[PDB]
Amino acid sequence: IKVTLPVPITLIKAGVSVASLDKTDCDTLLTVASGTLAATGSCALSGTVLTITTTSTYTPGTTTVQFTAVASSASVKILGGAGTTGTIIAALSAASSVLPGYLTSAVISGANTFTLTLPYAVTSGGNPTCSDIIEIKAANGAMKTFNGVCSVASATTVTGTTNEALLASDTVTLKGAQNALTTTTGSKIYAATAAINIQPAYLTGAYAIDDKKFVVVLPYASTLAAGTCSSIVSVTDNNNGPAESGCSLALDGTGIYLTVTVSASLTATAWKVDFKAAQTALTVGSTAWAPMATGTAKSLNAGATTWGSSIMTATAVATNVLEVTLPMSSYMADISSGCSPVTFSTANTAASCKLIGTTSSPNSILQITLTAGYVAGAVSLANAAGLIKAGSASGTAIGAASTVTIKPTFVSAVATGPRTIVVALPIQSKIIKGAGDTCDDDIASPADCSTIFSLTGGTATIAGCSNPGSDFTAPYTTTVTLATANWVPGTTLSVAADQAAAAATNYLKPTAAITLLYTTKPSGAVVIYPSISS
C-alpha cells in the first residue's frame, strides 16, 4: 500500500540518519486493519510517498490505515518537513480507506479489440464511454481514439475496440473516478493505475509442415532467446492432456515463422497450441507474449491439420504443365534446368519448376514443367537436398509426400457462337454412359451434358456435346451447346458437382487411366473467351 502525505516528512532514528525500518519499529508507528507488516523493509520512504509492505493481501472494504501518537522521548517517530527539527505528526480523525489501484493484465485480441482484467469483481451490465474509463498511449506518446462504447462484459472484464491498429509496445492505464466501476465487496470506486504494455494474444493460424513439425503464423515479428521449449508453449494432443514434453522451437531470420518440433506424431483433425501463463523468452519487443484472449488454445485450422501423401495433390493444367500444392507459402530459387525437388514415377521428365499461388495463398503451388506430353504416372516429392523451405527464405525444409497421383482438369474454353462452346482437354478422353467407373461409351451427340459441364454467371444453360472421338494426340477438343439465352461474357466453366456425387448420367474419363475422374482447378476456374464464327 502506498500513502501520499500532502507535505514533506522524516522518519526518525536513535542515531542520525534514516533509510527504512523493520517490522517491529514500523508496527508502533502505524496500524493497518486485519493486516501484518512485511518481516523486513516495511517502512521505506522517499520523497513524500511512504511505501508499506505487507505479508497479507489487500481486500476491498475492510482495509484501512491509521497512525499512532508517539511520546516525545521515543526513538522512532514521524515528523513534518525535512531535517531533524520537525514536529511529531498526529493521528487521523478517521482512518483513511485504501482503494484498488492496479490491473491484472491487458492483451491484444484482434488488432482492433482489447480486453482488461480486473483483480476485484464489479457489477455487471452497462455501457460506459471508453473515454471516461480507459487511456491508451503509443510508443511516441500519442493517444488513440475509441470506436464505440465499452461494454461491461462480466464480473471482471471490460471490452472495446479502437480506431487505430494496436501495437505491443502500447501502454494502458485507468482514469479512476467513475461510478460504473464499483466493487460489489465494499462498494469502492476504482482509482488510478500505472502503465503496463499490452501483450499480443491471438494468432493468424497454424499449419503442419511435416509429420512432427508445424508452423505458427505470428502477426508480429518476434525475437527468441535461449530457453527450454517445454516451459514456453503448451501443445495439446489428440484427446486433451499436456503433450509439450521434450519439444524444441526455432525462429526464422525475418522472425515471423515459429516452427515447433514435437516428439509425437500429429494426426487427423486434432491438436492445439497455446502460450504459457508465465514466460519471458519469446517477446515481440516488449517482454513476452501472452495466452489466448478466449480461454482455449488455438487449433491447427481446418484443411491443414496434417501433412503427407494425403494432402498434396498434383493436377494437369496443360499437356506439359503440372500444378502441385503445398501446405503454405514456400521458398525456393526458380530452378533453371530440370528440377530436383521432385521425381516422377513412370516416364515423365522435367525441365524447370517455379512457384505460383492463388490470391489468398501466395507461392503455395509448385508448377513443374516437362519436355513432352504428360504420361499418366505419379509425382513423389523428396526435397532431400533441401530447397523448398517452409514459410520464408530461412524456414524449415518441407516434408515428403511420396507417390501422389496425377489427374486432369479442363484447359480452355471459347465461344464460336451465341450458343456453342469448344472445350479443350490436356489428355486423351472419352465420355461414358452412366450406370460411374467404367460401363460403356455414348453416342456422338447426347442431350444430357448438363451433369458434366456447369455455367456460373448468366441465364444460359448447357444442353448437348460431342463425345471426343480418339482425336489428335494434340488439342483434344469437343463442343458444347447452350439452352435458354445467349451467352453473356463473364461466365466460367467447371466440373458439375454430379461427377463426384455419382448422380450424373454420363462421365468424362481419360483413356490411359480410366479410374480417374475430372477435378477442379487449384489456381482458379476456367474463363470462357470469345472467338470467331466463319
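When we count neighbours, we look across all protein chains shown, and the Cβ atoms used for this are built from the backbone with ideal geometry, even at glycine. The numbers here are math on the coordinates, done by the rules we state, and not lab data.
Just give me the residues in region 444-485 being of a type in the set (D, E, K, R) and either closer than 23 Å to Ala512 by Cα or crowded, with 18+ Cβ neighbours inside 10 Å (or both), in sequence order. Talk me through it step by step, then tell me what you get.
So in region 444-485, the residues of a type in the set (D, E, K, R) come out as 448, 471.
Of everything in region 444-485, just one residue is of a type in the set (D, E, K, R) and either closer than 23 Å to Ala512 by Cα or crowded, with 18+ Cβ neighbours inside 10 Å (or both), namely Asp471.
Which of the residues belonging to region 279-293 are out of contact with any strand residue (DSSP E or B) (no Cβ under 8 Å at 6 or more places or on another chain) and either crowded, with 17+ Cβ neighbours inside 10 Å or of a type in the set (A, V, I, L, M) (or both)? So that I can check it myself, show each step before the final result.
Going through region 279-293, the residues out of contact with any strand residue (DSSP E or B) (no Cβ under 8 Å at 6 or more places or on another chain) turn out to be 279-280.
Hit for region 279-293 is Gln279, nothing else.
Of these, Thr51, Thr4, which one is under 28 Å from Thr182 (Cα atoms), surrounded by 14 or more Cβ atoms within 10 Å (Cβ to Cβ) and of a type outside the set (A, V, I, L, M, F, W, C)? So that I can check it myself, show each step before the final result.
Values: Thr4 fails: surrounded by 14 or more Cβ atoms within 10 Å (Cβ to Cβ).
Exactly one of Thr51, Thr4 is under 28 Å from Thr182 (Cα atoms), surrounded by 14 or more Cβ atoms within 10 Å (Cβ to Cβ) and of a type outside the set (A, V, I, L, M, F, W, C), namely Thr51.
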#### Entry: Condition check for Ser494: in a loop (DSSP other than H, G, I, E, B), closer than 22 Å to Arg419 by Cβ and hydroxyl-bearing (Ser, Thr, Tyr)
no
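Quick one: would you say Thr161 is in contact with a strand residue (DSSP E or B) (Cβ under 6 Å, 6 or more places away or on another chain), farther than 24 Å from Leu99 by Cβ, of a type outside the set (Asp, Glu) and in a strand (DSSP E or B)? It would help to see each step written out before you state the result.
Working: in contact with a strand residue (DSSP E or B) (Cβ under 6 Å, 6 or more places away or on another chain): yes; farther than 24 Å from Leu99 by Cβ: yes; of a type outside the set (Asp, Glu): yes; in a strand (DSSP E or B): yes.
Judged against the criteria, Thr161 is a match.
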### Query
So, in region 153-180, of the ones that are surrounded by fewer than 18 Cβ atoms within 10 Å (Cβ to Cβ) and hydrophobic (A, V, I, L, M, F, W, C), which residue ends up nearest to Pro200 (Cα to Cα)?
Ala165
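Among the candidates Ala500, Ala474, single out the residue that is among the small types (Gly, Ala, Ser) and under 45 Å from the mean Cα position of the chain (by Cα).
Working: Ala474 fails: under 45 Å from the mean Cα position of the chain (by Cα).
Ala500 is the lone residue from the list that is among the small types (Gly, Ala, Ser) and under 45 Å from the mean Cα position of the chain (by Cα).
Quick check: anything in region 346-356 in a loop (DSSP other than H, G, I, E, B), surrounded by 15 or more Cβ atoms within 10 Å (Cβ to Cβ) and touching a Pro at 6+ places or on another chain (Cβ under 9 Å)?
Quick first cut of region 346-356, residues in a loop (DSSP other than H, G, I, E, B) only: 346-349.
When the remaining residues are screened for being surrounded by 15 or more Cβ atoms within 10 Å (Cβ to Cβ), the result is 348.
Applying the additional criterion that residues be touching a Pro at 6+ places or on another chain (Cβ under 9 Å) yields none.
No, because not a single residue in region 346-356 is in a loop (DSSP other than H, G, I, E, B), surrounded by 15 or more Cβ atoms within 10 Å (Cβ to Cβ) and touching a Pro at 6+ places or on another chain (Cβ under 9 Å).
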### Query
Is it fair to say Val149 is within 28 Å of the chain's Cα centre (by Cα) and outside any strand (DSSP E or B)?
yes
### Query
Can you name the condition, by its number, that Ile134 falls short on among (1) surrounded by fewer than 18 Cβ atoms within 10 Å (Cβ to Cβ); (2) among the hydrophobic types (A, V, I, L, M, F, W, C); (3) under 27 Å from the mean Cα position of the chain (by Cα)?
(1)
### Task
Could you name every one of the strands (runs of 3 or more DSSP E) located completely within region 1-120 that has at least 3 residues being aliphatic (A, V, I, L, M)?
105-108
### Query
Within region 106-120, restricting attention to residues that are small (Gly, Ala, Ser) and surrounded by 17 or more Cβ atoms within 10 Å (Cβ to Cβ), which residue is farthest from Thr161 (Cα to Cα)?
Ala106
### Message
For the condition closer than 28 Å to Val18 by Cα and among the β-branched types (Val, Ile, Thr), what is the one hit in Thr85, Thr129, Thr113?
### Response
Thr85
### Task
Consider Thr280 carefully, then state whether it is closer than 16 Å to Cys229 by Cβ, outside any loop (DSSP other than H, G, I, E, B) and not hydrophobic (A, V, I, L, M, F, W, C).
no
### Message
Can you list residue pairs whose Cβ atoms sit under 9 Å apart, with the first residue in region 415-442 being outside any loop (DSSP other than H, G, I, E, B) and the second being of a type in the set (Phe, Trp, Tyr) and loosely packed, with under 14 Cβ neighbours inside 10 Å? Count only pairs 6 or more apart in sequence or on different chains.
### Response
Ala415/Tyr529
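Could you tell me whether region 188-196 includes any residue that is part of a loop (DSSP other than H, G, I, E, B), over 25 Å from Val3 (Cβ atoms) and out of contact with any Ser or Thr (no Cβ under 6 Å at 6 or more places or on another chain)?
no
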### Query
surrounded by 15 or more Cβ atoms within 10 Å (Cβ to Cβ) and more than 30 Å from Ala504 (Cβ to Cβ): does that describe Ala378?
no
### Query
Just a yes or no: is a residue in region 425-448 among the small types (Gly, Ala, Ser) and in contact with a helix residue (DSSP H, G or I) (Cβ under 9 Å, 6 or more places away or on another chain)?
yes
### Task
Hey, can you tell me all the residues within region 269-312 that are polar (S, T, N, Q) and under 30 Å from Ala153 (Cβ atoms)?
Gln279, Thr280, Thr283, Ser286, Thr287, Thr294, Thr296, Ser299, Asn301
### Query
Take the residues of region 121-131 that are outside any loop (DSSP other than H, G, I, E, B) and surrounded by 14 or more Cβ atoms within 10 Å (Cβ to Cβ): which is farthest from the chain's Cα centre (by Cα)?
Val122
### Task
Could you identify the single residue in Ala400, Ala376, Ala393 that is assigned to a loop (DSSP other than H, G, I, E, B), of a type in the set (A, V, I, L, M), touching a strand residue (DSSP E or B) at 6+ places or on another chain (Cβ under 9 Å) and under 21 Å from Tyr518 (Cβ atoms)?
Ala376
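Every residue, every condition in (1) touching a strand residue (DSSP E or B) at 6+ places or on another chain (Cβ under 7 Å); (2) surrounded by 13 or more Cβ atoms within 10 Å (Cβ to Cβ); (3) of a type in the set (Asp, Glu); (4) under 22 Å from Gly176 (Cβ atoms), yes or no:
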{"position": "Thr10", "(1), (2), (3), (4)": "yes, yes, no, no"}
{"position": "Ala14", "(1), (2), (3), (4)": "no, no, no, no"}
{"position": "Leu21", "(1), (2), (3), (4)": "yes, yes, no, no"}
{"position": "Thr36", "(1), (2), (3), (4)": "yes, no, no, no"}
{"position": "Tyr58", "(1), (2), (3), (4)": "no, yes, no, yes"}
{"position": "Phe67", "(1), (2), (3), (4)": "yes, yes, no, no"}
{"position": "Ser73", "(1), (2), (3), (4)": "no, no, no, no"}
{"position": "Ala90", "(1), (2), (3), (4)": "no, no, no, no"}
{"position": "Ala94", "(1), (2), (3), (4)": "no, no, no, yes"}
### Query
In region 191-199, is there at least one residue being farther than 30 Å from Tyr58 by Cβ, of a type in the set (A, V, I, L, M, F, W, C) and buried (at least 17 other Cβ atoms within 10 Å of the Cβ)?
no
### Task
Among the candidates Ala226, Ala250, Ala270, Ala264, single out the residue that is in a strand (DSSP E or B), surrounded by fewer than 17 Cβ atoms within 10 Å (Cβ to Cβ) and among the small types (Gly, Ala, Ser).
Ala250
### Query
Got a number for residues in region 488-507 being farther than 16 Å from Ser412 by Cα and buried (at least 19 other Cβ atoms within 10 Å of the Cβ)?
4
